[PDB]
2 protein chains.
Amino acid sequence: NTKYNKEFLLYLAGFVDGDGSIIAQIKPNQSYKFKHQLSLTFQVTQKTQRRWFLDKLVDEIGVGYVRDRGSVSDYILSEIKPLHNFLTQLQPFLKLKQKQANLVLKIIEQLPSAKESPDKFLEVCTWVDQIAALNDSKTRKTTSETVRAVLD
Amino acid sequence: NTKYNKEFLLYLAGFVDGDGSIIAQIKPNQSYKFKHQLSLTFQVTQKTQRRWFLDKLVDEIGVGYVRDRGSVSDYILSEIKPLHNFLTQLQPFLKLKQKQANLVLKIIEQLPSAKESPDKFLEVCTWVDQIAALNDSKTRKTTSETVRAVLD
DNA sequence: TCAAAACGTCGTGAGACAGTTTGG
DNA sequence: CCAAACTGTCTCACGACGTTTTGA
Ligand SMILES: [Ca+2]
Ligand SMILES: [Ca+2]
């Protein structure tokens with residue numbers, strides 16, 4: 001359970017507030033009990049020419065990976081528990097995305113208990129609706145209401 | 001000469017590397033002796049619904065202003081003296097824009113003598129070139145070479 | 001003759017999703 | 001069934017300039 005140097009977390013929070021994204025999604029998938037997956041992602045996007053900077057992030061955060069999508073690349077951290085640790089430490093230094101971080105950080109602490117009740121799952125899904133409304137969301141399709149319809 | 005809190009600078013350096021810009025321009029303007037103005041800008045852009053964040057920067061930096069351009073707003077700092085003080089302190093924490101910051105600092109220092117020798121003015125425009133080269137420059141028109149064709 | 005502000009827009013470089021597959 | 005990875009794309013929200021005017 002890695003501890004990060006404060007000055008790193010201060011800079012990083014500023015960069016995240018700039019080019020970063022804290023993301024929650026409900027993914028339709030028949031193989032799941034409620035026919036949806038709950039997906040959490042922390043990401044930083046950057047021009048591939050500066051991919052080196054994302055690579056440095058992998059090294060410094062000690063987990064996650066970088067992916068290519070042409071002219072641009074992304075640092076991706078989706079593993080639920082390294083994510084909890086990282087976001088716990090980053091959260092108090094964020095300013096634009098501190099609300100997203102804390103929703104995520106609590107959606108995490110209720111996953112063990114949101115696959116039991118279909119109603120609990122609907123509750124958690126509404127929190128991801130919240131994260132999406134805090135972000136500059138423009139192409140969102142699957143929400144906690146395409147879900148509620150399905151749970152019927 | 002205000003001395004800025006280091007935690008603030010660390011966060012700001014991350015945010016600058018993210019959504020900020022360090023700009024130097026050679027502006028054709030016939031009322032100047034060498035037919036161009038040397039202009040320097042530090043800026044941070046953010047969509048207007050987030051203007052409060054830019055307003056805070058005005059207060060915390062103690063100088064500069066926010067302008068609106070529709071859906072988006074920019075914190076703007078162009079005054080040469082505050083810019084020098086400010087960049088001197090920010091620069092050590094920058095990771096993507098450090099080179100640009102140092103070149104702006106160099107330009108500022110040479111500006112006085114730059115207005116006296118055409119050759120020295122050219123040197124400076126050369127440094128303007130390096131800055132544009134370091135940024136994601138895509139609409140640039142006036143270059144240190146446009147200046148030579150006029151120093152003639 | 002200047003520093004600085006004002007006014008304006010091109011071309012992405014991000015952000016924030018989607019859908020689908022892997023593998024335990 | 002589930003976490004996580006893999007693969008793709010919509011629509012800006014930025015970045016990084018330009019030209020013109022103000023007021024000393
Ligand atoms: Ca941003
Ligand atoms: Ca950026």
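In what follows, chains are A, B, ... by sequence order, proteins preceding strands, each numbered from 1. Any value given below was found using the heavy atoms of this structure, including those in side chains, with hydrogens, waters and symmetry copies removed.
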S.K.: Have a look at B/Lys115 and say if it touches a base, only the backbone sugar-phosphate, or nothing, with a 4.0 Å heavy-atom cut-off.
M.R.: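 Result for B/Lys115 = sugar-phosphate.
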
S.K.: Hey, does B/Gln46 reach any base, or is it just sugar-phosphate, or nothing, if we go heavy atoms under 4.0 Å?
M.R.: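 Result for B/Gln46 = sugar-phosphate.
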
S.K.: Check the distance between C/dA4's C1' and B/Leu38's CG and give it to me in whole angstrom.
M.R.: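 Distance, rounded to whole Å: 14 Å.
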
S.K.: Is A/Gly18 touching bases, backbone alone, or none of the nucleic acid, heavy atoms closer than 4.0 Å?
M.R.: sugar-phosphate

S.K.: Measure from CD on B/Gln37 to P on D/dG23 and round the result to the nearest Å.
M.R.: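 My rounded result for the distance is 16 Å.
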
S.K.: Within the modelled atom types, does a donor on one side and an acceptor on the other bring the side chain of B/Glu79 and the base of C/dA3 under 3.5 Å apart?
M.R.: no

S.K.: Would you mind classifying the nucleic acid contact of A/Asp74 as base, sugar-phosphate or nothing, using non-hydrogen atoms under 4.0 angstrom?
M.R.: nothing

S.K.: Could you list by number each residue of residues 125-146 of chain A showing a heavy-atom separation from DNA chain C of less than 4.0 Å, or answer none if no residue does?
M.R.: A/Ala132, A/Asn135, A/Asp136, A/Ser137, A/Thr139, A/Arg140, A/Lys141, A/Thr142

S.K.: Between the main-chain N or O of A/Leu96 and the side-chain N or O of A/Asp17, is there a donor-acceptor pair closer than 3.5 Å?
M.R.: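 A pair under 3.5 Å: yes.
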
S.K.: So, is A/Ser21 close to the C/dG15 phosphate, meaning a side-chain N or O under 4.0 Å from OP1 or OP2?
M.R.: no

S.K.: Nearest-Å distance, NZ (A/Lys81) to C1' (D/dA4)?
M.R.: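 It is 14 Å, rounded to the nearest whole Å.
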
S.K.: Pick base, sugar-phosphate or nothing for A/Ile80, based on heavy-atom distances below 4.0 Å to the nucleic acid.
M.R.: sugar-phosphate

S.K.: State whether A/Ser78 places a side-chain N or O below 4.0 Å from either non-bridging phosphate oxygen (OP1 or OP2) of D/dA4.
M.R.: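 No, outside the criterion.
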
S.K.: To the nearest angstrom, how far is A/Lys97 atom NZ from C/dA16 atom P?
M.R.: 4 Å

S.K.: Quick check: any donor-acceptor pair below 3.5 Å linking the side-chain of B/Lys27 to the base of D/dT19?
M.R.: yes

S.K.: Do A/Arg50 and B/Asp136 meet the salt-bridge criterion of a basic N to acidic O distance under 4.0 Å?
M.R.: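 Result for this pair is yes, salt bridge flagged.
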
S.K.: Return the value, rounded to whole Å, for the distance between atom CZ of B/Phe34 and atom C1' of C/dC2.
M.R.: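 Spelled out: CZ on B/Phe34 to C1' on C/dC2 is 13 Å.
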
S.K.: Note down whether C/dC17 puckers north or south, where north is a positive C1'-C2'-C3'-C4' and south a negative one.
M.R.: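 By the sign criterion, C/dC17 is north.
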
S.K.: Rounded to the Å, how far apart are B/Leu40 CG and C/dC2 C1'?
M.R.: 14 Å

S.K.: Strictly distance-based, threshold 3.5 Å: is any side-chain N or O of B/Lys97 a donor or acceptor partner for the main-chain N or O of B/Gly20?
M.R.: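 Yes, because the side chain of B/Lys97 sits within donor-acceptor range (under 3.5 Å) of the backbone of B/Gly20.
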
S.K.: B/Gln43 has a side chain; which of C/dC2, D/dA16, C/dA5 sits nearest to it?
M.R.: D/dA16

S.K.: Using whole Å, what does the distance between atom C1' of nucleotide D/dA5 and atom CG of A/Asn29 come to?
M.R.: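 Taking CG of A/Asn29 and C1' of D/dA5, I get 13 Å after rounding.
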
S.K.: Can you tell me how far P of C/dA18 sits from CZ of A/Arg69, to the nearest Å?
M.R.: 14 Å

S.K.: For the base of C/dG13, is there a side-chain donor-acceptor partner from A/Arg50 under 3.5 Å away?
M.R.: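 Side chain to base: no pair present.
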
S.K.: Checking side-chain polar atoms at under 3.5 Å, does B/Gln89 have a donor or acceptor matched by the opposite partner on B/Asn85?
M.R.: yes

S.K.: I'd like to know if B/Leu9 and B/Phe42 are part of one continuous hydrophobic network [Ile/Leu/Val/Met/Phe/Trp/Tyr, side-chain heavy atoms within less than 4.5 Å].
M.R.: yes

S.K.: Would you call B/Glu145 and B/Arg148 a salt bridge, using N to O less than 4.0 angstrom?
M.R.: yes

S.K.: Regarding B/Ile76, tell me which of base, sugar-phosphate or nothing describes its non-hydrogen contacts under 4.0 Å with the strands shown.
M.R.: nothing

S.K.: What orientation do B/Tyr11 and B/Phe53 show, parallel under 30°, tilted 30 to 60°, or perpendicular over 60°?
M.R.: tilted

S.K.: Tell me which of B/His36 and B/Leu77 sits closer to the 5' end of DNA chain C, going by the nucleotide each one is nearest to.
M.R.: B/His36

S.K.: Inspect the contact between B/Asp129 and B/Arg140 and indicate whether a charged nitrogen and a carboxylate oxygen are less than 4.0 angstrom apart.
M.R.: yes

S.K.: Counting any heavy atom closer than 4.0 Å, what does A/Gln25 reach on the DNA or RNA strands: base, sugar-phosphate only, or nothing?
M.R.: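 Here A/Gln25 touches the bases of the nucleic acid.
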
S.K.: So which of A/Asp59, A/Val58, A/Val63 actually passes side chain to side chain contact (heavy atoms under 4.5 Å, CB included) with A/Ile61?
M.R.: A/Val63

S.K.: When the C1'-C2'-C3'-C4' sign is the only test used, does the sugar of D/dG8 come out north or south?
M.R.: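 That sugar belongs to the south family, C2'-endo side.
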
S.K.: Under 3.5 Å, is there any donor-acceptor pair linking the side chain of B/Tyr32 to the base of C/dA3?
M.R.: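 Donor-acceptor pair under 3.5 Å: yes.
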
S.K.: Determine the sugar pucker of C/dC7: a positive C1'-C2'-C3'-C4' angle counts as north, a negative one as south.
M.R.: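 With a negative torsion about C1'-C2'-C3'-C4', the sugar belongs to the south class.
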
S.K.: Can you find an N or O donor on one side and an acceptor on the other, under 3.5 Å apart, linking the side chain of A/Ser31 with the base of D/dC2?
M.R.: yes

